[PDB]
């Protein structure tokens, strides 16, 4: 059953969790090709592994910048968790290493580009299109949460479309293993649950709220709570009054009212029936959950793939020289990486 799958999944995860892979490649093994994305303290580049000719996305984090932004522990979380998990819709970490200046996470390259890119361009997804992606997040969160993991950064920018049109979740920078509650104010404004904003201490239920935000944004073409500045976004979230496009079906609205539920005793995903309140909701009536996991369902959208290591589905970013100091930086802080 689901329970059986999950029990076995957990056993595999804990082995890697307790004994993480470390220093499994070196910079000189990769040819650097192109920047695919940037973040507050680093960049992700398309690289080619010289000995296999495989393409990977190499996330390069400047140690000194991580330290300045107080993301040391989050960064250690990310690598330790990412190296340990295994789910069809989770991007795979293939290698990790560090040098005098940087940390490196070499991950599977997902050529179809960000959901963000396609969503913005097309405007909004049909309900069946949105339902397809949503189901994959439902299962991914069922998996992560069963491992006591909170993801904490669901948004289209972090969901890549693979060559078969299925989702790959990336960016585990805020992922955290925690039993009970946690308090870090982190995430992206549009997607924060009310309890995060209110410093109430929070749990996995924030991911189910974020799911509510994602489905709304996918189906409407804009998020349920937006403004020009984050503070204004928080005020909208906390009041929690949500208006739905007139094209939203009755089922969709009912599902969203239960996900975008301020009352934790009522928020779907968080009740006695757990994720089943969601899987069995009317909006998902047409969803075959096993077919989704098995990747047997036909994707509403297949990205254009002009060749191996092609980057047409990504935006262009300014390229910077990757410099490595002749002195070790922040060795102690990242000793476990």
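Positions refer to the first chain, counted from 1.
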Other compared entries missing residue 307, a third or more: yes
Comparing 315-323 with 14-22, the one whose average Cα B-factor in the PDB entry is higher: 315-323
Residue stretch of maximal mean CA temperature factor, 185-193 vs 247-255: 247-255
Most elevated Cα B-factor in the entry, residues 108, 235, 217, 162: 235
Per the PDB entry, maximal CA B factor within 85, 154, 231, 167: 231
Residue 198 - Cα temperature factor, lowest/middle/highest third of chain: highest
CA B-factor placement of residue 60, once the chain's modelled residues are sorted into thirds: lowest
Chain-relative CA temperature factor third for residue 68: middle
Where the record places residue 127 (Cα B-factor, split into thirds across the chain): middle
Cα B factor band for residue 242 (lowest, middle or highest third within the chain): highest
